[PDB]
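Coming up is one lone chain in structure tokens, specifically the form deposited in one PDB entry.
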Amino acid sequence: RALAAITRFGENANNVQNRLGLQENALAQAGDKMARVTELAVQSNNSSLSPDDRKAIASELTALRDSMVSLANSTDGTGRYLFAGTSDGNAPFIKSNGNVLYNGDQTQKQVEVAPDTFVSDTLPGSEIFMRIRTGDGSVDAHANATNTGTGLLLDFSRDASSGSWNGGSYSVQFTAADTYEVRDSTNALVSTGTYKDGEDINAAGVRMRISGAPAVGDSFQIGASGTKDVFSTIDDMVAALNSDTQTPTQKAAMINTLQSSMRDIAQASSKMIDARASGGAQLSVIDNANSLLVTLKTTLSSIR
């Protein structure tokens, strides 16, 4: 009846080991797909491309989003889902009204591979594909959707220039061609200043940089980064590339949208890379287990 326990520990160890190896490969391939998304997006800014060419790129991006879903729905060949957390009974990523939703859970199983010896199972898919910070990872900013001018959001960050950031959201709004106001989340007046094309705008511990010609009333929001799933980000690029771009206004809006999506993809690339690297020591410990060494624990290590 000790055979029963050894078998159970053995099978547990083999299962987690297989899953962890499949996770590592899946994160590598997600890396590659993200790198391909990044290249397609850079190319889509190219001013020589036609609307039709932009559409073909959008079509490739759609295919990449679809293959990222299949990857997110990888199985471990006992037929259990890799990225569902502990609810590894049904497909964790589902298409629903154009969004990809996560049906798995938030728990990374602690697999007991020997008495009081635990190995961390695969990450919940929420931690890989869904909970990806936006912007630069702590602040996010966008050109407002209703903007009528040609103001391009070039970059942004926390910045010690204007002092210290309180985590709050702000709005940079043009009141003349060469004048703007910054307002806080209650619409109170924080600062005003003179607009210079490509010069930093510093208020309340954050900075953004704008080029082109914002129209009167055009605004730019900035605030703490939230999270956005990888599928939505690819999706937004696809919808941006399908946009009409006949006027300077429409071109700026698409560029602003592409460029924001690209910042988010960079965050998505980093997550995959950072996630993969966070798992390597657990795989190395298992692989090198014999090099690193009579109880249940030692009898198990002597077989594997």
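Throughout, we count residues from 1 along the sequence that is shown. Here the rigid core means the biggest group of C-alpha atoms that line up within 1.5 Å when the two forms are laid on top of each other.
Per the record, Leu293 and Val294 are separated by 4 to 9 deposited residues that have no coordinates. Taking the PDB entry as given, 43-51 carries the higher mean Cα B factor of the two stretches 43-51 and 231-239.
Stretches compared: 160-168, 100-108. Higher mean C-alpha B-factor in the entry: 160-168.
Residue set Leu71, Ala176, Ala143, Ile128: peak C-alpha B-factor at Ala176 (per PDB entry). Out of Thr134, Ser219, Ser87, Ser211, the entry records its largest CA B-factor for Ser87. In the deposited entry, the Cα temperature factor of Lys196 sits in the middle third of values across the chain's modelled residues.
Sort the chain's modelled residues by C-alpha temperature factor and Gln259 lands in the lowest third, per the entry.
For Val190, the recorded CA temperature factor ranks within the middle third of the chain's modelled residues.
For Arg207, the recorded CA B-factor ranks within the middle third of the chain. Only modelled residues enter the ranking.
When the modelled residues of the chain are ordered by their C-alpha B factor, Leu152 lands in the lowest third.
Not pictured, yet referred to below: the form deposited in another entry.
Lining up the core between the shown form and the other one shows that one residue from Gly198, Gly77, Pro115, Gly167 moves its Cα 2 Å or more, and that residue is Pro115. A movement of the C-alpha atom of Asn242 falling short of 2 angstroms is seen between the shown form and the other one when the two forms are aligned on their rigid core.
In the core-superposed comparison between the shown form and the other one, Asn46 has its Cα shifted by at least 2 Å.
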